[PDB]
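These notes are about the structure you will find just below.
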Amino acid sequence: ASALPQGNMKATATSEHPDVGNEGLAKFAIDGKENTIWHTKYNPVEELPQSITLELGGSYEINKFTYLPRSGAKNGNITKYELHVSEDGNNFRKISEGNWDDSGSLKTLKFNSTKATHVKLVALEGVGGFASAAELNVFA
Ligand SMILES: [Ca+2]
Ligand code: NA
(Lines give C-alpha, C1' and ligand atoms only; values in the text may rest on other atoms or scores of the structure.)
(Ligands and ions follow the chains in the order given, each with its own letter.)
Protein backbone atom coordinates (compact mmCIF):
# COMPACT_ATOMS: atom_id res chain seq x y z
CA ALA A 1 0.00 0.00 0.00
CA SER A 2 1.25 3.48 -0.92
CA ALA A 3 0.24 6.85 0.44
CA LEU A 4 -2.04 8.64 -1.97
CA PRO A 5 -0.59 12.04 -2.99
CA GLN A 6 -2.08 14.60 -0.60
CA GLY A 7 -2.04 17.29 -3.26
CA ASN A 8 -4.89 15.46 -5.04
CA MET A 9 -6.92 15.62 -1.84
CA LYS A 10 -9.17 18.24 -0.30
CA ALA A 11 -9.61 18.51 3.45
CA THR A 12 -12.71 19.95 5.15
CA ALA A 13 -13.59 19.86 8.84
CA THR A 14 -16.62 20.38 11.03
CA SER A 15 -14.44 22.75 13.14
CA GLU A 16 -11.07 24.42 12.29
CA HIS A 17 -9.09 27.12 14.03
CA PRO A 18 -8.23 29.94 11.62
CA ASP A 19 -4.68 30.49 10.40
CA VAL A 20 -2.71 31.97 13.29
CA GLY A 21 0.58 30.53 12.14
CA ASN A 22 0.96 26.80 11.71
CA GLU A 23 -2.56 26.02 12.90
CA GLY A 24 -5.35 25.26 12.55
CA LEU A 25 -6.94 24.99 9.09
CA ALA A 26 -8.09 21.53 8.04
CA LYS A 27 -5.90 21.84 4.98
CA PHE A 28 -2.85 21.91 7.29
CA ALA A 29 -3.50 18.20 8.01
CA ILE A 30 -2.55 17.27 4.43
CA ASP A 31 0.19 19.75 3.44
CA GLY A 32 3.20 17.42 3.98
CA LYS A 33 4.44 19.69 6.79
CA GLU A 34 4.94 18.03 10.20
CA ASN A 35 5.00 21.44 11.95
CA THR A 36 1.60 22.54 10.63
CA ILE A 37 -1.62 21.25 12.15
CA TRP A 38 -5.37 21.09 11.79
CA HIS A 39 -6.78 22.11 15.19
CA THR A 40 -10.44 22.40 16.18
CA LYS A 41 -11.69 25.93 16.82
CA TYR A 42 -10.90 27.47 20.23
CA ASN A 43 -11.61 31.13 20.23
CA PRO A 44 -13.90 30.10 21.73
CA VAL A 45 -13.94 26.28 22.03
CA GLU A 46 -16.11 24.21 19.69
CA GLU A 47 -16.55 21.05 21.72
CA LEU A 48 -15.93 17.52 20.50
CA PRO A 49 -17.02 15.43 18.66
CA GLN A 50 -15.60 17.10 15.57
CA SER A 51 -14.35 15.50 12.37
CA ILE A 52 -12.09 16.03 9.38
CA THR A 53 -13.00 14.71 5.95
CA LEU A 54 -10.52 13.97 3.16
CA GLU A 55 -11.87 13.97 -0.38
CA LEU A 56 -9.35 11.62 -2.02
CA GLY A 57 -9.54 12.94 -5.59
CA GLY A 58 -10.78 9.59 -6.90
CA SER A 59 -12.10 6.11 -6.09
CA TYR A 60 -9.59 3.89 -4.33
CA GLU A 61 -9.59 0.54 -2.56
CA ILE A 62 -7.93 1.77 0.63
CA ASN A 63 -6.50 -0.34 3.44
CA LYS A 64 -4.48 1.88 5.75
CA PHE A 65 -4.78 5.30 7.42
CA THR A 66 -2.11 7.11 9.44
CA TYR A 67 -2.56 9.89 11.99
CA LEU A 68 0.49 11.92 12.91
CA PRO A 69 -0.07 14.09 16.01
CA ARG A 70 1.39 17.53 16.48
CA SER A 71 4.98 17.50 17.72
CA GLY A 72 5.92 18.49 21.30
CA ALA A 73 2.68 19.96 22.71
CA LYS A 74 -0.28 17.63 23.31
CA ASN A 75 -3.48 19.67 22.88
CA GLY A 76 -5.86 17.92 20.46
CA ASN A 77 -3.95 14.60 20.45
CA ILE A 78 -6.89 12.34 19.58
CA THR A 79 -7.61 9.64 22.17
CA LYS A 80 -10.99 8.25 21.08
CA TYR A 81 -11.70 8.02 17.36
CA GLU A 82 -13.78 6.59 14.60
CA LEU A 83 -12.70 6.27 10.98
CA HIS A 84 -15.47 6.36 8.34
CA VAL A 85 -15.44 5.96 4.56
CA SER A 86 -17.77 7.07 1.79
CA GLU A 87 -18.05 5.97 -1.84
CA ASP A 88 -20.17 8.98 -2.67
CA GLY A 89 -19.41 11.94 -0.39
CA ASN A 90 -22.88 11.69 1.19
CA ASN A 91 -23.23 8.39 3.05
CA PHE A 92 -20.49 7.40 5.48
CA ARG A 93 -19.90 4.05 7.13
CA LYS A 94 -17.74 3.35 10.15
CA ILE A 95 -14.74 1.06 9.39
CA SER A 96 -12.60 1.48 12.51
CA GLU A 97 -12.99 2.78 16.07
CA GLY A 98 -11.04 2.59 19.31
CA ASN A 99 -8.82 4.42 21.74
CA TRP A 100 -5.39 5.97 21.15
CA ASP A 101 -2.77 6.82 23.76
CA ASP A 102 -2.11 10.56 24.17
CA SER A 103 1.55 10.42 23.06
CA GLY A 104 2.77 12.17 19.89
CA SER A 105 3.41 8.76 18.29
CA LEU A 106 2.14 7.98 14.79
CA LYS A 107 -1.18 6.13 15.03
CA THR A 108 -1.77 3.59 12.26
CA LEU A 109 -5.11 2.00 11.30
CA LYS A 110 -4.98 -1.09 9.11
CA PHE A 111 -8.23 -2.51 7.76
CA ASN A 112 -9.70 -4.72 5.04
CA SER A 113 -9.54 -3.18 1.57
CA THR A 114 -12.55 -0.91 1.05
CA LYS A 115 -13.74 1.36 -1.80
CA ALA A 116 -13.74 5.05 -0.86
CA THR A 117 -13.77 8.47 -2.47
CA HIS A 118 -13.76 10.11 1.01
CA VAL A 119 -12.36 9.25 4.43
CA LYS A 120 -13.56 10.90 7.65
CA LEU A 121 -11.66 10.96 10.97
CA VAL A 122 -14.03 11.58 13.87
CA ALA A 123 -12.44 12.76 17.11
CA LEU A 124 -14.77 11.81 20.00
CA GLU A 125 -12.15 12.72 22.65
CA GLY A 126 -8.79 14.44 22.53
CA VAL A 127 -6.33 16.06 24.87
CA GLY A 128 -7.66 19.28 26.37
CA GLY A 129 -11.07 18.73 24.75
CA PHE A 130 -9.66 19.63 21.31
CA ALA A 131 -8.72 17.67 18.17
CA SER A 132 -5.55 18.28 16.15
CA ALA A 133 -3.50 16.48 13.49
CA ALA A 134 -0.14 17.31 11.93
CA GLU A 135 -0.48 14.91 8.98
CA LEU A 136 -3.10 12.44 7.77
CA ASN A 137 -2.30 9.90 5.06
CA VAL A 138 -4.44 7.33 3.26
CA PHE A 139 -3.02 4.21 1.61
CA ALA A 140 -4.15 2.18 -1.37
CA1 LIG B 1 0.73 19.55 8.38
NA1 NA C 1 -16.52 15.47 -1.60
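One-based numbering, in listed order, for ligands and for the atoms of each. In what follows, every heavy atom counts, from backbone to side chain, and hydrogens, waters and symmetry copies are set aside. Residue numbers count from 1 along this sequence.
Stacking of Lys120 on the aromatic ring of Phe92 is recorded, both the 6.0 Å distance cut-off and the 45° axial limit being met.
Residues passing the salt bridge (charged side-chain N to carboxylate O under 4.0 Å, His left out) test with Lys10, sequence neighbours excluded: none. Taking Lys74 as the reference, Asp102 meet the salt bridge (charged side-chain N to carboxylate O under 4.0 Å, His left out) condition, with sequence neighbours excluded. Residues satisfying the side-chain contact (heavy atoms from CB on, under 4.5 Å) test with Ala26, not counting sequence neighbours, are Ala11, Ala13, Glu16, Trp38, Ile52.
Atoms of the protein (N, O or S only) found under 3.0 Å from the Na ion (ligand 2) are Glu55 OE1, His118 NE2.
With a cut-off of 3.0 Å, the Ca ion (ligand 1) has an N, O or S atom of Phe28 in range. For the Ca ion (ligand 1), the N/O/S atoms of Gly32 include none lying under 3.0 Å. Taking 3.0 Å as the threshold, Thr36 counts as a candidate ligand of the Ca ion (ligand 1), since one of its N, O or S atoms lies below it. Note on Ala134: counted as a metal contact of the Ca ion (ligand 1), an N/O/S atom lying under 3.0 Å.
Side-chain atoms of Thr36 and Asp31 include a donor-acceptor pair closer than 3.5 Å. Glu46 and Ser15 are linked by a side-chain donor-acceptor pair at a separation below 3.5 angstrom, with hydrogens and angles left out of the test.
Note on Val45: it does not cluster hydrophobically with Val122, by side-chain heavy-atom contacts below 4.5 Å among ILVMFWY residues. Cluster membership for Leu83 and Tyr60, using ILVMFWY side-chain heavy atoms within less than 4.5 angstrom, is shared.
Nearest N/O/S atom of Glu135 relative to the Ca ion (ligand 1): this is OE2. Residue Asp31 approaches the Ca ion (ligand 1) most closely through its N/O/S atom OD1.
Not one N or O on the side chain of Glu82 forms a donor-acceptor pair closer than 3.5 Å with the backbone of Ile95.
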